[PDB]
Structure formats: structure tokens, C-alpha cells
$ cat data37.txt   # compact mmCIF, C-alpha atoms and all ligand atoms
# COMPACT_ATOMS: atom_id res chain seq x y z
CA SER A 1315 47.23 20.47 196.41
CA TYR A 1316 43.93 22.49 196.13
CA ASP A 1317 44.33 23.73 199.79
CA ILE A 1318 43.33 27.48 199.69
CA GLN A 1319 44.94 28.04 203.17
CA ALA A 1320 48.31 26.23 202.61
CA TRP A 1321 50.18 29.42 201.53
CA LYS A 1322 50.25 30.79 205.11
CA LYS A 1323 52.47 28.08 206.66
CA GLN A 1324 54.53 27.96 203.41
CA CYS A 1325 55.19 31.74 203.88
CA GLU A 1326 55.99 31.27 207.60
CA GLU A 1327 58.63 28.60 206.66
CA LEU A 1328 60.10 30.83 203.88
CA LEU A 1329 60.36 33.77 206.34
CA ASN A 1330 62.18 31.39 208.78
CA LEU A 1331 64.68 30.54 205.97
CA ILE A 1332 65.11 34.30 205.19
CA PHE A 1333 65.82 35.03 208.92
CA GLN A 1334 68.61 32.24 208.79
CA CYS A 1335 70.27 34.09 205.84
CA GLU A 1336 73.04 36.51 206.98
CA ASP A 1337 71.96 38.59 203.90
CA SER A 1338 68.61 39.45 205.66
CA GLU A 1339 70.16 41.03 208.79
CA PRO A 1340 69.92 44.66 207.44
CA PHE A 1341 66.24 44.15 206.43
CA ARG A 1342 64.96 42.39 209.64
CA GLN A 1343 63.75 45.48 211.64
CA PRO A 1344 62.57 49.00 210.67
CA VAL A 1345 65.50 51.07 209.18
CA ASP A 1346 67.55 53.26 211.64
CA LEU A 1347 66.80 56.98 210.92
CA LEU A 1348 69.56 58.07 213.42
CA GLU A 1349 72.13 56.29 211.13
CA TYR A 1350 70.32 57.28 207.86
CA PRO A 1351 68.81 60.74 208.57
CA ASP A 1352 67.72 61.36 204.91
CA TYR A 1353 66.10 57.87 204.56
CA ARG A 1354 62.43 59.09 204.89
CA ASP A 1355 63.04 61.96 202.37
CA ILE A 1356 63.80 59.21 199.74
CA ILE A 1357 61.43 56.34 200.84
CA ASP A 1358 57.60 56.86 201.08
CA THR A 1359 56.73 53.44 202.69
CA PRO A 1360 59.29 51.68 204.95
CA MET A 1361 59.05 47.87 205.08
CA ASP A 1362 61.10 45.12 206.78
CA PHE A 1363 60.82 41.33 207.41
CA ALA A 1364 59.69 41.65 211.05
CA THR A 1365 56.74 43.82 209.87
CA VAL A 1366 55.89 41.21 207.17
CA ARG A 1367 56.01 38.31 209.75
CA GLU A 1368 53.87 40.26 212.25
CA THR A 1369 51.29 41.15 209.55
CA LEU A 1370 51.09 37.44 208.53
CA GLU A 1371 50.82 36.21 212.20
CA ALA A 1372 48.09 38.87 212.94
CA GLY A 1373 45.97 37.42 210.10
CA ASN A 1374 46.22 40.70 208.14
CA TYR A 1375 47.25 39.18 204.76
CA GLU A 1376 44.33 37.73 202.66
CA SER A 1377 46.66 36.14 200.01
CA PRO A 1378 50.32 35.37 199.34
CA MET A 1379 50.20 38.08 196.58
CA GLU A 1380 49.81 40.72 199.31
CA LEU A 1381 52.78 39.30 201.31
CA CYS A 1382 54.83 39.21 198.03
CA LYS A 1383 54.03 42.92 197.36
CA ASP A 1384 55.39 43.90 200.84
CA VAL A 1385 58.56 41.74 200.47
CA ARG A 1386 59.19 43.28 196.99
CA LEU A 1387 58.83 46.75 198.64
CA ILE A 1388 61.75 45.84 201.02
CA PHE A 1389 63.89 45.26 197.90
CA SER A 1390 62.66 48.31 195.90
CA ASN A 1391 63.32 50.53 198.95
CA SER A 1392 66.95 49.22 199.04
CA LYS A 1393 67.34 49.83 195.24
CA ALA A 1394 66.02 53.44 195.69
CA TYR A 1395 67.82 54.38 198.98
CA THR A 1396 71.23 52.96 197.84
CA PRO A 1397 73.81 55.65 196.90
CA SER A 1398 75.53 53.06 194.58
CA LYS A 1399 74.49 49.83 192.75
CA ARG A 1400 77.93 48.40 193.92
CA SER A 1401 76.98 48.89 197.63
CA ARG A 1402 77.34 46.05 200.20
CA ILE A 1403 73.77 46.31 201.66
CA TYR A 1404 72.29 46.70 198.11
CA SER A 1405 74.16 43.55 196.84
CA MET A 1406 72.79 41.69 199.94
CA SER A 1407 69.25 42.76 198.79
CA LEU A 1408 69.80 41.38 195.26
CA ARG A 1409 70.93 37.91 196.49
CA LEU A 1410 68.07 37.75 199.01
CA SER A 1411 65.53 38.85 196.32
CA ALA A 1412 66.73 36.01 194.00
CA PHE A 1413 66.32 33.49 196.86
CA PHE A 1414 62.84 34.83 197.76
CA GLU A 1415 61.59 34.80 194.11
CA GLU A 1416 62.91 31.22 193.63
CA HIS A 1417 60.86 30.01 196.67
CA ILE A 1418 57.67 32.17 196.38
CA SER A 1419 56.91 31.07 192.75
CA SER A 1420 55.39 27.67 193.80
CA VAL A 1421 53.49 29.27 196.72
CA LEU A 1422 51.76 31.73 194.34
CA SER A 1423 51.11 29.09 191.63
CA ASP A 1424 49.56 26.61 194.14
CA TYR A 1425 47.36 29.31 195.74
CA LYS A 1426 46.05 30.63 192.40
CA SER A 1427 45.42 27.01 191.20
CA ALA A 1428 43.52 26.22 194.47
CA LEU A 1429 41.33 29.32 194.02
CA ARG A 1430 40.57 28.42 190.39
CA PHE A 1431 39.59 24.85 191.52
CA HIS A 1432 37.29 26.37 194.19
CA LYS A 1433 35.47 28.42 191.46
CA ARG A 1434 35.48 25.55 188.87
CA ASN A 1435 31.60 25.21 189.00
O1 LIG B 1501 69.78 50.82 208.60
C1 LIG B 1501 69.42 49.83 207.96
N1 LIG B 1501 68.84 48.75 208.56
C2 LIG B 1501 68.63 48.56 209.93
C3 LIG B 1501 68.86 49.46 210.97
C4 LIG B 1501 68.51 48.85 212.12
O2 LIG B 1501 68.07 47.62 211.81
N2 LIG B 1501 68.15 47.44 210.40
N3 LIG B 1501 69.60 49.76 206.62
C5 LIG B 1501 69.17 48.65 205.76
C6 LIG B 1501 68.33 49.16 204.61
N4 LIG B 1501 69.09 50.17 203.87
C7 LIG B 1501 69.43 49.98 202.58
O3 LIG B 1501 68.73 49.26 201.88
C8 LIG B 1501 70.64 50.52 201.98
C9 LIG B 1501 71.05 50.55 200.69
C10 LIG B 1501 72.33 51.16 200.68
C11 LIG B 1501 72.62 51.47 201.98
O4 LIG B 1501 71.60 51.07 202.79
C12 LIG B 1501 69.45 51.31 204.72
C13 LIG B 1501 70.29 50.82 205.88
$ encode --input "data37.txt" --output "C-alpha cells" --more "lines below"
Ligand SMILES: O=C(Nc1ccon1)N1CCN(C(=O)c2ccco2)CC1
Amino acid sequence: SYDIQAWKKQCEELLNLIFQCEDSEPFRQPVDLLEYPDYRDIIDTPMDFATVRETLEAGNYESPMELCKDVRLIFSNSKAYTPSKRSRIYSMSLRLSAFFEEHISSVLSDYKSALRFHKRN
């Protein structure tokens, strides 16, 4: 497909699948500072899947690369806030990251291919 717009619905569907994963539940809404009072000492830019979905639905992503950067920030924040690489919530992040990367690969490839076809002449 050379459809330059198709990534948006493909990302909406992938976010729906991520919301059906039990592994996403800790990453759905902005982190709880009352539970994790040091969190914002450690993490410069909070990110969560509800923020990503709202940004997409507002029309405030230009490309699936930008959405991918925010989703990867959810996972780097978990890797950097975790007190242990054997932690429950951290291990949930690693499985969910593998699922996300498996699905986003085609979305990025198709978008970049569509843009190259648009600029072919
Ligand atoms: O508090 C939340 N999430 C909430 C709170 C209300 O809704 N979602 N956390 C998820 C993100 N997070 C981690 O990545 C992590 C790694 C090791 C321990 O925690 C900190 C805890």
C-alpha cells in the first residue's frame, strides 16, 4: 500500500491490542507519585499509553516514528525507574516492548515506503 495516512488507524488498532494485554495495566495512565514519591527525581519525561492514544486522537502526531518514540519512552522510563532488572513491573515492560516492536515494524516500513513513492518524481 502507498497510503501515506494508513499508519494512524494501524496505530489505533495496535494501541487497542496493547490495552487488552494484562502486561500494559501499569503503563496505561500517568505514574502514581503518591506510591512512588522519588519517581520524578529519576524520570525527566513521564509517558503512558493513555497519553499516546490521546496525542494520536488529537491529531498531534505527524508520523508513526513520533508515536514510536513516545512508546519507547514508556519502556526506557521503566528500565530507568526499576530498582531491579528482576522486578515484576519491569519484566511486564520487556514482554510488552517485544510485542510492540513485532507489530510496529510493518507500520513504519509501509509509511516510509509510501512517502518515498510520493517523492518518486
Ligand atoms: O505506578 C505505576 N503505574 C501506575 C500508577 C497508577 O496508574 N499506573 N507504575 C508503573 C511504572 N513504573 C515502573 O515502570 C516500575 C519499574 C519498577 C517498578 O515500577 C512505576 C510504577
$ atom_distance --input "data37.txt" --atom1 "CA of residue 1369 (chain A)" --atom2 "CA of residue 1432 (chain A)"
25.5 Å
$ residues_near_ligand --input "data37.txt" --ligand "ligand LIG 1501 (chain B)" --cutoff "9 Å" --atoms "all atoms listed in the file" --output "VMD selection string"
chain A and resid 1339 to 1350 1353 1362 1388 to 1399 1401 to 1407
$ closest_residue --input "data37.txt" --among "A:1408, A:1318, A:1328, A:1418" --to "residue 1376 (chain A)" --atoms "only C-alpha atoms"
A:1318
$ axis_aligned_box --input "data37.txt" --around "region 1353-1365 of chain A" --padding-each-side "8 Å" --output "lines of an AutoDock Vina configuration file"
center_x = 61.4
center_y = 51.6
center_z = 205.4
size_x = 25.4
size_y = 36.6
size_z = 27.3
$ closest_residue --input "data37.txt" --among "A:1435, A:1377, A:1384, A:1325" --to "residue 1359 (chain A)" --atoms "all atoms listed in the file"
A:1384
$ residues_near_point --input "data37.txt" --point "(56.7, 39.6, 199.0)" --cutoff "10 Å" --atoms "only C-alpha atoms" --output "list in words"
residues 1325, 1363, 1366, 1378, 1379, 1380, 1381, 1382, 1383, 1384, 1385, 1386, 1387, 1388, 1389, 1411, 1414, 1415 and 1418 of chain A
$ write_last_selection --input "data37.txt" --atoms "C-alpha atoms" --output "PDB file, in the coordinates of the input"
ATOM      1  CA  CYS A1325      55.190  31.740 203.880  1.00  0.00           C
ATOM      2  CA  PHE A1363      60.820  41.330 207.410  1.00  0.00           C
ATOM      3  CA  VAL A1366      55.890  41.210 207.170  1.00  0.00           C
ATOM      4  CA  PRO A1378      50.320  35.370 199.340  1.00  0.00           C
ATOM      5  CA  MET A1379      50.200  38.080 196.580  1.00  0.00           C
ATOM      6  CA  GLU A1380      49.810  40.720 199.310  1.00  0.00           C
ATOM      7  CA  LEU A1381      52.780  39.300 201.310  1.00  0.00           C
ATOM      8  CA  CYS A1382      54.830  39.210 198.030  1.00  0.00           C
ATOM      9  CA  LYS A1383      54.030  42.920 197.360  1.00  0.00           C
ATOM     10  CA  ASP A1384      55.390  43.900 200.840  1.00  0.00           C
ATOM     11  CA  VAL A1385      58.560  41.740 200.470  1.00  0.00           C
ATOM     12  CA  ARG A1386      59.190  43.280 196.990  1.00  0.00           C
ATOM     13  CA  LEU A1387      58.830  46.750 198.640  1.00  0.00           C
ATOM     14  CA  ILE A1388      61.750  45.840 201.020  1.00  0.00           C
ATOM     15  CA  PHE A1389      63.890  45.260 197.900  1.00  0.00           C
ATOM     16  CA  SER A1411      65.530  38.850 196.320  1.00  0.00           C
ATOM     17  CA  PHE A1414      62.840  34.830 197.760  1.00  0.00           C
ATOM     18  CA  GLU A1415      61.590  34.800 194.110  1.00  0.00           C
ATOM     19  CA  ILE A1418      57.670  32.170 196.380  1.00  0.00           C
TER      20      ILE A1418
END
$ atom_distance --input "data37.txt" --atom1 "CA of residue 1320 (chain A)" --atom2 "CA of residue 1338 (chain A)"
24.4 Å
$ atom_distance --input "data37.txt" --atom1 "CA of residue 1361 (chain A)" --atom2 "CA of residue 1323 (chain A)"
20.9 Å
$ residues_near_point --input "data37.txt" --point "(44.2, 29.9, 197.5)" --cutoff "9 Å" --atoms "all atoms listed in the file" --output "PyMOL selection string"
chain A and resi 1316-1321+1377-1378+1422+1424-1430+1432
$ decode --input "data37.txt" --residues "region 1332-1365 of chain A" --atoms "N, CA, C and O atoms" --output "compact mmCIF listing (two decimals), in the first residue's frame"
# COMPACT_ATOMS: atom_id res chain seq x y z
N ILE A 1332 -2.71 -3.45 22.76
CA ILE A 1332 -1.86 -3.22 23.96
C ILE A 1332 -2.74 -3.04 25.20
O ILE A 1332 -2.45 -3.66 26.24
N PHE A 1333 -3.84 -2.31 25.09
CA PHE A 1333 -4.84 -2.15 26.19
C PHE A 1333 -5.49 -3.50 26.57
O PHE A 1333 -5.82 -3.64 27.78
N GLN A 1334 -5.61 -4.50 25.68
CA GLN A 1334 -6.13 -5.87 26.02
C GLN A 1334 -5.09 -6.76 26.73
O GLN A 1334 -5.47 -7.76 27.39
N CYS A 1335 -3.81 -6.39 26.65
CA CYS A 1335 -2.71 -7.09 27.35
C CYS A 1335 -2.76 -6.72 28.84
O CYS A 1335 -2.75 -5.52 29.18
N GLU A 1336 -2.85 -7.72 29.71
CA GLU A 1336 -2.68 -7.51 31.17
C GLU A 1336 -1.35 -6.79 31.44
O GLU A 1336 -1.30 -5.96 32.37
N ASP A 1337 -0.31 -7.10 30.66
CA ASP A 1337 1.05 -6.52 30.86
C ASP A 1337 1.04 -5.00 30.72
O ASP A 1337 2.01 -4.37 31.16
N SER A 1338 0.04 -4.39 30.10
CA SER A 1338 0.02 -2.91 29.91
C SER A 1338 -0.52 -2.19 31.14
O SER A 1338 -0.28 -0.98 31.27
N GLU A 1339 -1.22 -2.90 32.03
CA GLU A 1339 -2.05 -2.21 33.06
C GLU A 1339 -1.20 -1.19 33.82
O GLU A 1339 -1.65 -0.07 34.04
N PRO A 1340 0.07 -1.46 34.22
CA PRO A 1340 0.86 -0.46 34.94
C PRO A 1340 1.22 0.80 34.14
O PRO A 1340 1.53 1.82 34.74
N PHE A 1341 1.14 0.71 32.82
CA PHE A 1341 1.64 1.75 31.88
C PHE A 1341 0.47 2.50 31.23
O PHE A 1341 0.75 3.33 30.36
N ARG A 1342 -0.77 2.26 31.65
CA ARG A 1342 -1.97 2.81 30.96
C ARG A 1342 -2.14 4.29 31.29
O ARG A 1342 -2.45 5.06 30.35
N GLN A 1343 -1.98 4.70 32.55
CA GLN A 1343 -2.24 6.10 32.98
C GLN A 1343 -0.97 6.66 33.61
O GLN A 1343 -0.06 5.90 33.97
N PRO A 1344 -0.85 8.00 33.72
CA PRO A 1344 0.32 8.63 34.32
C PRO A 1344 0.68 8.01 35.68
O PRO A 1344 -0.23 7.82 36.49
N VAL A 1345 1.96 7.71 35.90
CA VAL A 1345 2.50 7.04 37.12
C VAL A 1345 2.03 7.78 38.37
O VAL A 1345 1.93 9.03 38.33
N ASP A 1346 1.79 7.02 39.44
CA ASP A 1346 1.29 7.48 40.77
C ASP A 1346 2.49 7.95 41.61
O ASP A 1346 3.27 7.10 42.06
N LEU A 1347 2.60 9.26 41.82
CA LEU A 1347 3.70 9.87 42.61
C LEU A 1347 3.48 9.59 44.10
O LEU A 1347 4.48 9.46 44.83
N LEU A 1348 2.23 9.45 44.55
CA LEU A 1348 1.91 9.17 45.98
C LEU A 1348 2.43 7.78 46.37
O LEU A 1348 2.80 7.60 47.54
N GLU A 1349 2.44 6.83 45.42
CA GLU A 1349 3.00 5.47 45.62
C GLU A 1349 4.52 5.51 45.44
O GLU A 1349 5.24 4.80 46.19
N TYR A 1350 5.00 6.30 44.47
CA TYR A 1350 6.42 6.34 44.02
C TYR A 1350 6.93 7.77 44.17
O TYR A 1350 7.05 8.50 43.19
N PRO A 1351 7.24 8.22 45.41
CA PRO A 1351 7.47 9.64 45.68
C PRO A 1351 8.79 10.15 45.07
O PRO A 1351 8.90 11.34 44.86
N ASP A 1352 9.72 9.26 44.75
CA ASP A 1352 11.03 9.62 44.16
C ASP A 1352 10.92 9.67 42.62
O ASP A 1352 11.82 10.29 41.97
N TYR A 1353 9.83 9.14 42.05
CA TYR A 1353 9.76 8.82 40.60
C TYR A 1353 10.31 9.98 39.76
O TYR A 1353 11.17 9.71 38.87
N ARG A 1354 9.85 11.21 40.01
CA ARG A 1354 10.17 12.42 39.20
C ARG A 1354 11.57 12.97 39.50
O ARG A 1354 12.00 13.89 38.77
N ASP A 1355 12.27 12.45 40.51
CA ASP A 1355 13.72 12.72 40.71
C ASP A 1355 14.50 11.98 39.61
O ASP A 1355 15.51 12.55 39.12
N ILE A 1356 14.02 10.78 39.25
CA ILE A 1356 14.72 9.76 38.40
C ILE A 1356 14.35 9.95 36.92
O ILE A 1356 15.24 9.74 36.07
N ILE A 1357 13.10 10.35 36.64
CA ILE A 1357 12.48 10.36 35.28
C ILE A 1357 12.18 11.80 34.88
O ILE A 1357 11.39 12.46 35.58
N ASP A 1358 12.76 12.25 33.76
CA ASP A 1358 12.65 13.66 33.28
C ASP A 1358 11.33 13.88 32.52
O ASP A 1358 10.83 15.02 32.52
N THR A 1359 10.83 12.86 31.80
CA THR A 1359 9.65 12.96 30.91
C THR A 1359 8.75 11.75 31.10
O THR A 1359 8.92 10.73 30.39
N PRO A 1360 7.72 11.84 31.95
CA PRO A 1360 6.74 10.76 32.11
C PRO A 1360 6.01 10.50 30.80
O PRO A 1360 5.81 11.38 30.02
N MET A 1361 5.66 9.24 30.56
CA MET A 1361 4.84 8.89 29.38
C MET A 1361 4.04 7.63 29.72
O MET A 1361 4.51 6.82 30.51
N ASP A 1362 2.87 7.49 29.11
CA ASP A 1362 1.97 6.35 29.38
C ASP A 1362 1.09 6.14 28.15
O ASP A 1362 1.02 7.03 27.26
N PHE A 1363 0.41 5.00 28.05
CA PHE A 1363 -0.35 4.67 26.81
C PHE A 1363 -1.59 5.54 26.62
O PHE A 1363 -1.99 5.73 25.48
N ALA A 1364 -2.24 5.98 27.70
CA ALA A 1364 -3.38 6.91 27.55
C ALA A 1364 -2.92 8.24 26.94
O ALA A 1364 -3.59 8.75 26.02
N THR A 1365 -1.77 8.73 27.35
CA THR A 1365 -1.21 9.98 26.75
C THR A 1365 -0.91 9.75 25.26
O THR A 1365 -1.25 10.59 24.42
